[PDB]
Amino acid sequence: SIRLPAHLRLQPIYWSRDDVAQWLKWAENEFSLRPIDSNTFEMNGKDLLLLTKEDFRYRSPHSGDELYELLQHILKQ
């Protein structure tokens, strides 16, 4: 199981900017990713859903691919 934080179990269209910041922290800790700069994802869930894989990589060269794949996993249900 991915041990998603309780507040992040809402559909991501409803995530706030604070939720997205918590999502980044969860991804980094749960999957032992390299450090992600929270300041490069100052957006809400609707904003996050508009990003392409490349948008993720430009904000996080080291972990952007993983973040996009984790969001895809959540979306696939």
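Start at 1 and count along the sequence shown; that's the residue number.
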Could you settle it for me: does 58-66 or 14-22 have the higher average Cα B factor in the PDB entry? 58-66
Chain-relative CA temperature factor third for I2: highest
The third of the chain into which the C-alpha temperature factor of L49 falls is the middle
Is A27 in the lowest, middle or highest third of its chain when residues are ranked by C-alpha B-factor? lowest
